[PDB]
Number of protein chains: 2
Amino acid sequence: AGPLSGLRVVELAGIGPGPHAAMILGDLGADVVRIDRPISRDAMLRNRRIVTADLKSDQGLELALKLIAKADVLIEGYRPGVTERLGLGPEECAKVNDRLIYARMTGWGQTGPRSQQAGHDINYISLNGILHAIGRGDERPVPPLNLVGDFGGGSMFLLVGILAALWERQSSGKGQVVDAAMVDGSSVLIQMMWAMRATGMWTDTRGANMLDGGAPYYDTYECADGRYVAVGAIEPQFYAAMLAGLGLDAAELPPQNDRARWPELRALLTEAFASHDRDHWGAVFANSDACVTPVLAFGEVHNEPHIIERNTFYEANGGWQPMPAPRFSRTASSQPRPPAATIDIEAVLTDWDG
Amino acid sequence: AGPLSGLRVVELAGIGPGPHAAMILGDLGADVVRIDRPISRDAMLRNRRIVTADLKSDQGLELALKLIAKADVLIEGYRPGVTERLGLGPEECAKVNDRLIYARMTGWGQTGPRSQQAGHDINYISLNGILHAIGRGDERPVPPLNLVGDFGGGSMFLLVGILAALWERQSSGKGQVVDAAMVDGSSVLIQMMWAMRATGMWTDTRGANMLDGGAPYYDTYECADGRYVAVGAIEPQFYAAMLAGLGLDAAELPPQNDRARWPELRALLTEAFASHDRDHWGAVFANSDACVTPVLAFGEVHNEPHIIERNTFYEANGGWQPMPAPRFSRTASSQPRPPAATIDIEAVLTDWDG
Ligand SMILES: CC(=O)CC(=O)SCCNC(=O)CCNC(=O)[C@H](O)C(C)(C)COP(=O)(O)OP(=O)(O)OC[C@H]1O[C@@H](n2cnc3c(N)ncnc32)[C@H](O)[C@@H]1OP(=O)(O)O
C-alpha cells in the first residue's frame, strides 16, 4: 500500500546489503520475489515471496529468466562475473527485458584490482579512510557495526540507484545497470568530512574532532547509575541551555570552543553528569534545547514515549522490529508482512503472466 | 547528465541531512536550486544554483512560491511548524503545485513529545538503541561520527522517499509529503540487529557481539608500526586463508567460534599482526580471500590502487572529494560542478518559466 505498489522486483538471495535493499522496496509496497538455492525466522526477510531454483540447472535458469522478463528490477550481490557465468548477466537479461533495472550490489565494484576479492563491511570502510576515523584516540579503531558499509553506504545507494534509474526510464523507456559499490557509497556518505578536511575543519587524528567524541559538548557521559546520556549541544544557545540545566556558571568554565582547555571542560561536565542518574537528566532537560538525551539500550527503546507515540516499532511475533521509513502522507506503507512458507515459482509466473 | 537529469529541486538551506540529500540529487543530474538567507568553500554545496531570499518578507515568499510552483521536489529541514509559519507549508504549496514532492527532513519527526526539541545526530541515535551499541565494552559509547543519523538513516531515507514518491506520481499524477525522521531511518538502517536480537543472535552488551568488535575475526589489529589492519574473515574458508597468511597452525589455536576462548584467540592474532608493519600485511593479503585490509587514514586514500583505478575520488580544490555514487551504465553522472556565485532568483524563474 506504500508508494512502490505495482513495482516488480526479483532478488537473488545474498547477504548484507542486497536483502536490506530488497526489504525496503517491499516495505514501501513493491512486489518482491526472492530466489534462493533449493518458514524463515529472519525478520529481514519480511515483505517477500520466497521461491527456490537451482540456477545452475537448465530448468532453474529458464524459470529465473521468465521471472526476470516480467520484473522491473533485479538485485544481485555476488562477486562480479557470477551472474554472467550463470547466464543471468546484464547482457542475457537485456535479451528478455530491456526495461530491466539491473542492480549490482558489491563492496569493491564491478572492476578494479580488488573486484574479485572477498570482504565484509569492515574491509570496505578500511580502504577509504572511514574506519580509521572511528573510536577513541588512544585505542585502535572500532567498527561502527556494519552500519556504514553494508547499509548507509551500501543498500541505501543501491536503492537510490534503482529508484533514480526508474525515473530515467519514464522518459527513455529503457533500463540500465546500476553498479553500487560500498567503497563508493560510503565515501559519498562521508562527503562532509572530505569537504571539512579541505578547509581545515576536520583532521585525520582519531578522536580529536568536533563529531567523533573529541568535543566535550558532542559525546556521551556516564551518570551515577552507570547508564549514559548523549550531549550534542553544538550551537552556543543550546550549549548555554545545557550548562543552565546542570546549574553550572559559564563564568567559571573554559570557553566552549577553547580546545586547549577541553580536558578541563570535559572533567567539569563529567563530575556534573556523574552526580545523578540518567533518568534525572531526562527530567532536568525535559522540553529544553539543551540537546541532552538518554542513551537507551535496545531493550528499553519500546518504553520511550517518543518511540511509542510515533509507532517507530511494531511487535513481530517474538520481538520489536522497525516500521517502514520514511513516511508518506497519502500512500502510507503497511505494517510489514512476516516471512512465510516458500511457494512454487510457477505460481508467481501465473500471477505475473510470465 | 546522470539519471535524474530534468528533475527540478528547491532546497531550503539547512544543515546536515538536507544539503546532503540535495547534493546527491544534483550529483545524479537534478536541477537543484538552494534558497539561502540574504562563492562557497563547502564542497557539499556542489551541483547547485544558490539564490537568496528573505522568506519572512512578502516579496521573498512570493518569489519562493513562484519557484516552488515549477519544481518537482522541495527539501526542508527546519523544525516542524517553521515552513507553516512562513506560508510555505505543504497545504500552501499544494495550492500552487499538487505534483510537488514535499520532503521534510528532521531528527524526531513531524509530531510527538520530542518533535520541537533541538538536537543533532548523536541525540537521534541515542534514543533508538544504536549509540549504546557502538564502541568498546569497557568504556562509554562512542559516536560513529554523524554517519548513522544524519546520513545513513537521514538523507538517504529522504532520498528513497523522494524518488519512491516520484514513482508513485507516474500513476497518480500527484505528489505528497515525505516525512523522513532520522530516529526512524536509522532504526530501519539497523533492522538486521533487531532481527538478530529476536533469534538470540545479538545481545545488548556493548562490544560483545560478532560485528561490534567483540569477535577476534571481525576487528582491527595494531601492527609493528602502530598502524592498523581490519580483519573481516567471518566465513570459515576466509578465516582459514587469514591464518594461512599469518603462518599460524589452526591445530594450535582455539576454534574460531569458541567464544569462551576468544581472549586467547585474540591474544595470538595480536602477537601475529604485531610482528610486522601494516603495509607488510597489506602486501601478504593484497589478493587473497582472507578479508584483511590495511586501515588507511584519509590522507593515504588517494594513493591506494583500487581507489585510483575506479576514480572513487576527484580533485576539487586543494582536496579530494568523492565522485557520485552509485554508478549508471547508460546515463552516467558528470564530475560535480563546484560551488559558484549566487545568482538572481528571477534568472532561475526565467529559465524555469516561472
Ligand atoms: C550539524 C551537525 O553536525 C549534526 C546534525 O545532526 S545536523 C541536523 C540538525 N537537526 C535537524 O536538522 C532536525 C530539524 N531541524 C531542527 O531541529 C532545527 O532547525 C535546528 C535545531 C537544527 C536549528 O534550530 P533553530 O536555529 O532554532 O532553527 P529552526 O527552529 O529550524 O528555525 C529556523 C528559522 O529560520 C527561518 N529561516 C530559514 N530560512 C530562511 C530565509 N531564507 N529567510 C528568512 N528566514 C528563514 C525560519 O523562518 C525559522 O524562523 P522561526 O523560528 O521564526 O519560525
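Residue numbering restarts at 1 for every chain, and letters A, B, ... go by the order of the sequence lines. For ligands, and for the atoms within them, numbers begin at 1 and follow the listed sequence. The analysis underlying the following values was restricted to heavy atoms, covering all of them including side chains, and did not include hydrogens, waters or symmetry mates.
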Can you tell me if [X] and [Y] form a side-chain donor-acceptor pair at under 3.5 Å?
X	Y	result
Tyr78(B)	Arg85(B)	no
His120(B)	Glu235(A)	yes
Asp184(A)	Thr312(B)	yes
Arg104(B)	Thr83(B)	yes
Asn128(B)	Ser186(B)	yes
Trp352(B)	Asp31(B)	yes

Has [X] got any heavy atom lying under 4.0 angstrom from an atom of ligand 1?
X	value
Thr52(B)	no
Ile35(B)	no
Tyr124(B)	yes
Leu211(A)	yes
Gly77(B)	yes

Closer than 4.0 Å to some heavy atom of [X] - which atoms of ligand 1 meet that?
X	value
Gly107(B)	13 (C)
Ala118(B)	21 (C)
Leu86(B)	48 (O)
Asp36(B)	42 (N)
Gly119(B)	9 (C), 10 (N)

CZ of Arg140(B) to OH of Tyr228(A): how many Å apart, nearest 0.5 Å?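 One gets 9.0 Å once the value is rounded to the nearest 0.5 Å.
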Is it the case that the side chain of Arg278(A) and the backbone of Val295(A) share a donor-acceptor pair, with hydrogens and angles ignored and the cut-off at 3.5 Å?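 Yes, because the side chain of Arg278(A) sits within donor-acceptor range (under 3.5 Å) of the backbone of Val295(A).
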Looking at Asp289(A) and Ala118(B), would you say the former's side chain and the latter's main chain have a donor-acceptor pair under 3.5 Å? yes
Consider every N or O of [X] and every N or O of ligand 1, then say whether any pair is closer than 3.5 Å.
X	result
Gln117(B)	no
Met192(A)	no
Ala53(B)	yes
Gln237(A)	no
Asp121(B)	yes

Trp281(A) ring center near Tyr221(A) ring center (under 6.0 Å): no
Are the aromatic ring centres of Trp194(A) and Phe298(B) under 6.0 angstrom apart?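 When the ring centroids of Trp194(A) and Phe298(B) are compared, they turn out to be within the sub-6.0 Å range.
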Got a protein heavy atom sitting under 4.0 Å from [atom]?
atom	result
atom 9 (C) of ligand 1	yes
atom 27 (O) of ligand 1	yes
atom 21 (C) of ligand 1	yes

May I ask you to identify the nearest protein heavy atom to [atom], giving residue, atom name and distance to one decimal place in Å?
atom	result
atom 38 (C) of ligand 1	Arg37(B) NH2, 3.0 Å
atom 18 (C) of ligand 1	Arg79(B) CG, 3.9 Å
atom 1 (C) of ligand 1	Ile15(B) CG2, 3.2 Å
atom 45 (N) of ligand 1	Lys56(B) CD, 4.2 Å
atom 2 (C) of ligand 1	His120(B) ND1, 3.5 Å
atom 49 (C) of ligand 1	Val82(B) CG1, 3.7 Å
atom 5 (C) of ligand 1	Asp150(B) OD2, 2.9 Å
atom 23 (C) of ligand 1	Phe238(A) CZ, 4.3 Å

For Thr203(A), the side-chain hydrogen bond (donor to acceptor under 3.5 Å, both in side chains) test, sequence neighbours excluded, returns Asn209(A)
Can you label the angle between the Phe273(A) ring and the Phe285(A) ring as parallel, tilted or perpendicular, going by 30° and 60°?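 It falls in the tilted class, 30° to 60°.
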Parallel, tilted or perpendicular: rings of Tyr217(A) and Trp262(A) (30°, 60°): perpendicular
Give the minimum heavy-atom separation between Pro144(B) and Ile134(B), together with the two atoms involved.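 For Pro144(B) versus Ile134(B), the nearest heavy atoms are CG-CD1, 3.5 Å.
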